[PDB]
Each structure stands twice: as structure tokens, then as C-alpha cells.
């Protein structure tokens, strides 16, 4: 529980230190979620998954993907942005669009399922700007305190003596751009892959190959984006 236990128990070591400035804020978010349930509203993803992106090593992140907030359908969000469990089908629409662009950009076949854990395991941080949502209500937790947490995560990543490429999908993600200003960091910004915005510049954006060109140009290894 985010209300009950400290960062050193909840997230990976590097992340617990990176997020020290927002320790109280994370506990505050646990209190917010408690109050939601007391009031008769639910949240997604499950409590134990809310901070899941921060359970993969901070020091290993090479690419940052940021979306808006978790999927609003119960059974979709798993705490890694855009990912779904391997048994989920049909895929959410934004994921179908991501995968369409993945095939167009990289030439790989469509993935077998919507599980993005391989990316997380290979140094891609799958973040959302806001880490919870009320079921069926996109953006319902905007402005409730998560933004300070994800801002802190981005500043910390950018302050590392390491290369970073950021992929910011949509307007809420885009508000992290000012924090991504140091010379060790590069940002790719595009419209979000949701059907509402994807035709404004998501399709054709080639984020995966661009990220790899950027990594190689900073002397970093590219991401193996291939999903099974």
C-alpha cells in the first residue's frame, strides 16, 4: 500500500531514491485513493500495480514513453502504460494504433498480444503522466496530485549521467517537455495514438526507429523493440 509503506518497499532501489522528493506526495496519493473508495468510486489499475513502472531499474532506463493516464476499462490497465495482460483481446484502440505504427516503422509482424513487458525489461519506461483513473472515465484523476510524482520521475531521469530519449504521446505527456531540457536528453513529441488524435501526426511518426537513431548518436545501445 502506497499509504502504508515507504518507497524503499514499494519501488526499485534507484527509483526509491529518485522519488525521495515526492515521498510524502506518494503517501498523499494513497490517501486520495482511500478517500475515493470511501466515497464509492473505484480506481485503476489495481493498487499493487499503480507504481509498477518504478519496479524496473531506474539506472537501466534508456527510453521513456509517456501517455496520459491508465486504460479506463476494468481488466486493461496493468501499471505499465499502454500494456495489457497477454490474454486481453480485442486490444484497446490506442494499442492497436501503436502496433500499426510499430509494423510500419520497424517492418516487424504484428505482435501476438498486447503485453509490453519485454520493452520494460529492456530499458523502456512505460509511464503515464497520471497513474490512476476512475473506471470508464478517462482523465478523471487529472490534477489530483500525480503530476508532481511523474514530474519528479522525469527530472530525476534527466539528471542521470546517462543518455535518455523521451517519447511524449499527447498533450498531458507534453507538459514534461520543459523538464527534459538538459543535453543528455532528447524528446520526440507527437499526438497521442488514440483514435481521437492519431491522424494528426501519430501515424507516420516512426518513434521507435527515431529513438534508436537518437540513442546510437549519444553512444548508447538501441532498444530491441521486437515483440513476440
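The term rigid core refers to the most C-alpha atoms you can superpose between the two forms while keeping them within 1.5 Å. Numbering follows the first chain given and starts at 1.
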Compare 182 to 190 with 40 to 48 and report which one shows the larger root mean square C-alpha deviation from this form in 9 other deposited structures of this protein once the rigid core is superposed. 182 to 190
Figure out for me whether 201 to 209 or 9 to 17 is the more displaced stretch in 9 other deposited structures of this protein, taking RMS C-alpha distance from the shown form once the rigid core is superposed. 201 to 209
Tell me which of 119 to 127 and 84 to 92 has the higher mean C-alpha B-factor in the deposited entry. 84 to 92
Per the record, averaged over C-alpha atoms, which has the higher B-factor: 211 to 219 or 14 to 22? 211 to 219
Between 111, 72, 79, 145, which carries the biggest CA temperature factor in the record? 111
Top Cα B factor in the deposited entry, candidates 197, 49, 55, 68: 197
What third of the chain does residue 178 rank in for C-alpha temperature factor, lowest, middle or highest? highest
Taking the chain's C-alpha temperature factors as the reference, tell me which third residue 136 falls into: lowest, middle or highest. highest
What third of its chain, lowest, middle or highest, does the C-alpha temperature factor of residue 45 fall into? lowest
Of the three thirds of its chain by CA temperature factor, lowest, middle or highest, which one includes residue 64? lowest
Among modelled residues of the same chain, the CA temperature factor third for residue 158: highest
